[PDB]
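Notes follow the structure.
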Amino acid sequence: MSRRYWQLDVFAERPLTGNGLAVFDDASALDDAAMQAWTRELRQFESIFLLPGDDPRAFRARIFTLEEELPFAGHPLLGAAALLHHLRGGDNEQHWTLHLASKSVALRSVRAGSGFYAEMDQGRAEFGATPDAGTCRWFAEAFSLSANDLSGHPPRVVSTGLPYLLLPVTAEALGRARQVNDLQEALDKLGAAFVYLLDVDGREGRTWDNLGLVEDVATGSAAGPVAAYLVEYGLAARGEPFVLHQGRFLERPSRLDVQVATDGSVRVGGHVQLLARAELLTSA
Amino acid sequence: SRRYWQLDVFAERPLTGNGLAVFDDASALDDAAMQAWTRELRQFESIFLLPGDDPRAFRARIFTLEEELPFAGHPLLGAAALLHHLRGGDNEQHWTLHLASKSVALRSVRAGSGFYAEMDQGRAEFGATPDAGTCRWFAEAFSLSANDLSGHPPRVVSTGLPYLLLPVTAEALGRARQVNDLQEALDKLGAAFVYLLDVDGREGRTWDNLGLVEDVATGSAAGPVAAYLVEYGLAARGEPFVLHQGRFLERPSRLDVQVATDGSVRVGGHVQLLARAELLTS
């Protein structure tokens, strides 16, 4: 009858750094409303809910923000992989498959110091709309920037599941960005869900919830697209490990490991720490 | 390694009301560690208890993600319910929770679901009465117009933590959004935070100082609000009544209040106990 959730940090080499995450390792008793309600209870930027089946290395997953369900490849999957490794045991590399509605994601995990290192294969990035010149300018100003604050590389919608409008801006512009306009209908025109501000030279990014109020520490769902973008436009090497940076404006500077293969496939990885195990005391 | 608990305060059922983490024995946690765990868990407030001189007396430390807030509020109700859970006992249990120089009297009882807990916030203190220009400025700082003020005079009111209570209509309350920095203006009035108040609906909204995260149910404001309503003849002295908060986060909360005729403002509600958490790191 025991049901649990776990508090983890992802993209974290020590506890109480990186991006906090709640993981429910067996959410079989919860309906969708309960999953959304528990996500709001725990107040982590995302919670992930695992549904076991007949394969001990494969789980269905459901990912929620405090706003909505996001059934797309992201860093909650890294945290889930680490937790599954903790629960199974074994000193060797472990392989996992997590099923989201839209796709299957292959992951691997290894033990690393006090915690784990986990990596996922997000597949090849899909490059979508290119905003026209007037639209690029509008998005800059929606974040309190000007058209000159944009870089010399094209804003584009890039996706490994959840489409981001990647908006290349200068390092200077990134530090003073503030969302002041509603982005919903502008993003709708471009087939994009969220904006990710990107310093391509410093390989650093910033992104928020839809209202621009809560900033995400480290966004695995954007890390893939960003990596694929940098490689596509000759700003990073194919087949080599590099790092993206996120979270320093929240005093939680984090490192996201990324790589684009010859196939196109982008892999995203990071360290994971386990912080707490919680037993549910309410009715199932 | 140690222990904390997840509870909901002012919650008629689990997964609504104001979520709260309670560390029942924080004797070996330094202030930096308390603040760090508060930021990790992301509950609007976390509370840390340390044994008093007495099995019913505890010292308490309350943190938001920004700062320590050593004032009687929702976390004390959660702490009292948890202490009742841990100690056992049949009837009403009494507790004294110390917040710096304040000794706050709490009572708890078992309920069919969870607990009921109440606190005595003492006598409310009334303060500044901002002029019309200043009231309009505050309305505008929340994306509201002068016409959205309901006509009941804004006042600074406190049971420890002073709030500017800003009476607005229900229509206005539901489209409020902070768009200006409030610190200079609040400092001038001797207030720490703004609480937007629909006096007729007995519903309010309030945020952190930057207007980014909304609080579900603000126990430290509930006493001042009850006192205000009684002062201005919108509720009767001595009669218990109910305030509402949390609807805008899909977490409706019921806050029981009474301005007793002998002066004491009481604030209470149901408290749910959701989880027991064990730390896996030191």
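Using modelled amide H (1.01 Å from N, peptide plane; none on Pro or chain starts), what sits under 5 Å from the amide H of B:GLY19, excluding residues fewer than 5 places away?
It is B:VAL9, by chain and number.
Report the relative contact order of segment A:1-135, percent, no decimals, based on alpha-carbon pairs under 8 angstrom and at least 6 residues apart.
With pairs under 8 Å counted, the relative contact order is 17 percent.
Would you kindly give the portion of the calculated P(r) for segment A:83-203 that falls above 17 Å, as a percent of all Cα pairs?
Beyond 17 Å sits 64 percent of the P(r) for segment A:83-203.
Is the protein assembly as shown best put as rounded, prolate or oblate by its Cα gyration tensor, with a ≥ b ≥ c the root eigenvalues, rounded for a/c under 1.5, and otherwise prolate when a/b is larger than b/c, oblate when not?
Values: a/c = 2.30, a/b = 1.39, b/c = 1.65.
Oblate shape, in that a/c is at least 1.5 and b/c is the bigger or equal ratio.
Return a whole-number percent for the relative contact order of segment A:146-284, with Cα pairs under 8 Å and 6 or more residues apart as the contact set.
Over segment A:146-284, the number comes to 18 percent.
Where does each of B:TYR228, A:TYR196 land when they are ranked from fewest to most other beta-carbon atoms within 10 angstrom? Please list the in-between numbers first.
Values: B:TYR228 27, A:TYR196 24.
Fewest-to-most Cβ neighbours within 10 Å comes out as A:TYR196, B:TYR228.
Highest mean first, how do A:23-30, B:131-138, B:156-163 rank when packing is the count of other Cβ atoms within 10 Å averaged over residues? Display every interim value, and only then the final one.
Working: A:23-30: 19.5, B:131-138: 14.8, B:156-163: 23.0.
Per-residue Cβ counts within 10 Å, averaged per peptide and sorted highest first, yield B:156-163, A:23-30, B:131-138.
Quick check on segment A:1-105: take the gyration tensor over C-alpha atoms, sort the square-rooted eigenvalues as a ≥ b ≥ c, and tell me if it's rounded (a/c under 1.5), prolate or oblate.
Rounded, since a/c falls under 1.5.
In debye, nearest 20: dipole of segment B:118-268 around its Cα centre with unit charges on the Cβ of K, R (+) and D, E (-)? Each step should come with its number before you reach the end.
Working: 13 positive and 21 negative charges, 27 e Å.
Dipole about the Cα centre, nearest 20: 120 debye.
What residue among B:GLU12, B:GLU239, B:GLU125 has the largest mean-square fluctuation in a Gaussian network model of chain B, using Cα springs under 10 Å?
The residue that fluctuates most here is B:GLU239.
Across peptide A:35-43, what mean number of C-beta atoms from other chains lies inside 10 Å of a residue's C-beta?
Details: counts 0, 2, 5, 4, 1, 7, 10, 8, 7.
Whole-number average of other-chain Cβ neighbours for A:35-43 is 5.
How about A:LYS103: which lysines have a C-alpha closer than 28 Å to its C-alpha, ignoring those fewer than 8 places off in the same chain?
Cross-link targets: A:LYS189.
Only loop residues by DSSP count here, and only those with at most 15 other Cβ atoms within 10 Å; note down the GluC sites (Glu not before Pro) in segment B:38-74 that meet that. Present the calculation step by step, with values, prior to reporting the outcome.
Details: sites: B:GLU40, B:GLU45, B:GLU66, B:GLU67, B:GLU68; in loops: B:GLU66, B:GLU67.
Within segment B:38-74, the qualifying GluC sites (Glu not before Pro) (loop, at most 15 other Cβ atoms within 10 Å) are B:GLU66, B:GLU67.
Once phi is turned into θ = phi - 60°, what whole-Hz ³J(HN,Hα) does the Karplus curve with 6.51, -1.76 and 1.60 give for every residue of segment B:4-12, x standing for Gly and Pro?
Once rounded to whole Hz, the list reads 9, 10, 9, 10, 10, 9, 6, 10, 6.
Counting only DSSP beta bridges with both residues in the protein assembly as shown, tell me the antiparallel percent, nearest 5.
Values: 122 of 146 bridges.
Rounded to the nearest five, the antiparallel share is 85 percent.
Across every pair of different alpha-carbon atoms, what Kirkwood hydrodynamic radius in Å does segment A:119-269 reach?
It is 15.1 Å.
What is the distance in Å between the Cα centroid of segment B:102-116 and that of segment B:255-282?
Centre-to-centre distance over Cα atoms comes out at 7 Å.
Using each residue's phi in segment B:108-122, evaluate 6.51 cos²θ - 1.76 cosθ + 1.60 at θ = phi - 60° and report the 3J(HN,Hα) Karplus result to the nearest Hz, with x for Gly and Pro.
Coupling constants for segment B:108-122: 9, 9, 5, 10, x, 10, x, 9, 10, 9, 9, 10, 9, 8, x Hz.
Per-residue Cβ counts within 10 Å, from other chains only, averaged over A:269-282: what number is that?
Other-chain Cβ atoms within 10 Å of each residue's Cβ, averaged: 5.
Under a GNM of chain A (C-alpha, springs under 10 Å), which listed residue has the highest mean-square fluctuation: A:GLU69, A:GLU41, A:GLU204?
For chain A, modelled as a Gaussian network with Cα springs under 10 Å, the answer is A:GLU41.
To the nearest 0.05, what FRET efficiency results for A:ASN148 and B:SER143 with a Förster distance of 30 Å applied to their C-beta separation?
0.50
Of all DSSP beta bridges located in segment B:1-105, what percent are antiparallel, nearest 5?
For segment B:1-105, the DSSP antiparallel bridge percentage is about 75.
Residue-wise, which Karplus ³J(HN,Hα) couplings in Hz belong to segment B:153-170, taking 6.51 cos²θ - 1.76 cosθ + 1.60, θ = phi - 60°, and x for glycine or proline?
Listing the rounded values in order: x, x, 9, 7, 9, 8, 10, x, 10, x, 10, 6, 7, 10, x, 10, 6, 4 Hz.
Loop-only check: which trypsin sites (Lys or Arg not before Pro) in segment B:145-182 are DSSP coil with at most 13 other Cβ within 10 angstrom?
B:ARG175, B:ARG177
Average partner chain C-beta neighbours within 10 Å, per residue of B:12-19?
3
Relative contact order of chain B: what whole-number percent is it, with Cα pairs under 8 angstrom and at least 6 residues apart?
Averaging sequence separation for qualifying contacts and normalising by length gives 23 percent for chain B.
So in chain B, what percent of DSSP beta bridges are antiparallel if you round to the nearest 5?
Of those bridges, close to 85 percent are antiparallel.
Filter the trypsin sites (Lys or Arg not before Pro) in segment B:1-83 to those in DSSP coil with at most 16 other Cβ atoms within 10 Å of their Cβ, and list the result.
Counting only loop positions with at most 16 other Cβ atoms within 10 Å, the trypsin sites (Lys or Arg not before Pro) in segment B:1-83 are B:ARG2, B:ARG56.
Based on the inverse mean of 1/r over its pairs of different Cα atoms, what is the Kirkwood hydrodynamic radius of chain A, in Å?
The answer is 19.1 Å.
Determine one quarter of the surface area of the Cα convex hull of segment A:12-170, which equals its mean projected area, and express it in nm² to one decimal.
11.6
Using ideal geometry, Cβ is built from the backbone for each residue, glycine included, and neighbour counts are taken over all protein chains shown. Only the coordinates and a few stated rules stand behind these numbers; no lab work does.
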